[PDB]
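Q: Sharing a structure, written as structure tokens. Questions coming.
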Amino acid sequence: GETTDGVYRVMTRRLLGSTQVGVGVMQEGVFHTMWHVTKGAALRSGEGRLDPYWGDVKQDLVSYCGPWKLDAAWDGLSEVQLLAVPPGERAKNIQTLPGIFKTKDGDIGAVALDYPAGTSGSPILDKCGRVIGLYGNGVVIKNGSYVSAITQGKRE
Amino acid sequence: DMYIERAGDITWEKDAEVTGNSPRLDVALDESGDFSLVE
Ligand SMILES: NCc1cccc(NC(=O)c2cccn3cc(CN4CCCC4)nc23)c1
């Protein structure tokens, strides 16, 4: 169906009406989303079918039609933009300075923006428009708000 | 059956809404891909 690069909504008809379960990035013929959005299931793009190619539950990432293509990284200094695609709402660029998730295996950038769960898979981008990660896997802090990691895969 | 629909271009937009703070949190990542807070 549509293989043009960009941001896409991930919809399902299995629940009430047409529900947006997530978001993804089409780059170089490959669709990139978070694992929890599709659970590894096949996707439809008009009349064409997209089959999973790579996936990892711990990274919470999945790629379709080919290997993971997104390899830019947050520079640990500069502001970034979450290209938020909320359910039923227009794509909107939100500029922010990322915080940090400190883990036993190293530090990871994090964006403190609260959006509906169906916004999972929305890309986080740098000043060059390159996707440095996806939004949607993180934690709930003291006041109940969501803080998401900047989740990036590996380009082989 | 899940289906996709285009929502826009991936480009940096000048003069976009600037919001959100930058917290430094101690977190743990489990085998099921779930992040939890460590305090
Ligand atoms: N470990 C993978 C995994 C599995 C299942 C779900 C997720 N992600 C989320 O739930 C999520 C994503 C994006 C923004 N959010 C905002 C909130 C706040 N919640 C919404 C319902 C009540 C409060 N939750 C989210 C991640």
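Backbone-built Cβ (ideal geometry, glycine too); neighbour counts: all protein chains shown. Each answer follows from the model by the rule given with it, or from the source it names; no laboratory read-out is quoted.
A quick yes/no check of all residues on (1) surrounded by fewer than 21 Cβ atoms within 10 Å (Cβ to Cβ); (2) among the hydrophobic types (A, V, I, L, M, F, W, C):
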| residue | (1), (2) |
| --- | --- |
| A:1 | yes, no |
| A:23 | no, yes |
| A:37 | no, yes |
| A:40 | yes, no |
| A:57 | yes, yes |
| A:79 | yes, no |
| A:93 | yes, no |
| A:101 | no, yes |
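Q: In this structure, does residue A:98 turn out to be away from the ligand (no atom under 14 Å from the Cβ) and at the interface with chain B (Cβ under 8 Å from one of its Cβ atoms)?
A: Working: away from the ligand (no atom under 14 Å from the Cβ): yes; at the interface with chain B (Cβ under 8 Å from one of its Cβ atoms): yes.
Against the criterion (away from the ligand (no atom under 14 Å from the Cβ) and at the interface with chain B (Cβ under 8 Å from one of its Cβ atoms)), residue A:98 qualifies.
Q: Another question, then. Within the stretch A:62-77, does at least one residue satisfy the condition of being surrounded by 19 or more Cβ atoms within 10 Å (Cβ to Cβ) and in contact with a helix residue (DSSP H, G or I) (Cβ under 6 Å, 6 or more places away or on another chain)?
A: yes
Q: Could you pull out every one of the strands (runs of 3 or more DSSP E) wholly within the stretch A:81-156 that has 2 or more residues that are over 20 Å from residue A:64 (Cβ atoms)?
A: Numbers: elements: A:92-96, A:99-103, A:106-111, A:123-125, A:131-134, A:138-140, A:146-149.
It comes to A:92-96, A:99-103, A:106-111, A:138-140, A:146-149.
Q: Right, something else. Do we find that residue A:41 is assigned to a strand (DSSP E or B) and under 23 Å from residue B:31 (Cβ atoms) in this structure?
A: Numbers: assigned to a strand (DSSP E or B): no; under 23 Å from residue B:31 (Cβ atoms): yes.
So residue A:41 does not fit the description; no.
Q: Go through the stretch A:8-34 and report how many residues are touching a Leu at 6+ places or on another chain (Cβ under 6 Å) and either within 15 Å of the ligand (Cβ to nearest atom) or in the same structural domain as residue A:116 (by TED's automatic domain parsing) (or both).
A: Result for the stretch A:8-34: 1.
Residues checked against (1) under 18 Å from residue B:19 (Cα atoms); (2) of a type in the set (S, T, N, Q); (3) within 16 Å of the ligand (Cβ to nearest atom); (4) more than 7 Å from chain B (Cβ to nearest Cβ):
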position	(1), (2), (3), (4)
A:40	no, no, yes, yes
A:44	no, no, no, no
A:63	no, yes, no, yes
A:92	yes, no, yes, yes
A:111	yes, no, yes, no
A:119	yes, yes, yes, yes
A:129	no, no, no, no
A:150	yes, no, yes, yes
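Q: Further, regarding this structure: For the stretch A:50-63, does any single residue satisfy the condition of being among the β-branched types (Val, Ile, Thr) and part of a strand (DSSP E or B)?
A: Step one: list which residues in the stretch A:50-63 are among the β-branched types (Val, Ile, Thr), which gives A:57, A:62.
The next check asks that each one be part of a strand (DSSP E or B); those that pass are A:62.
There is at least one residue in the stretch A:50-63 that is among the β-branched types (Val, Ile, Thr) and part of a strand (DSSP E or B).
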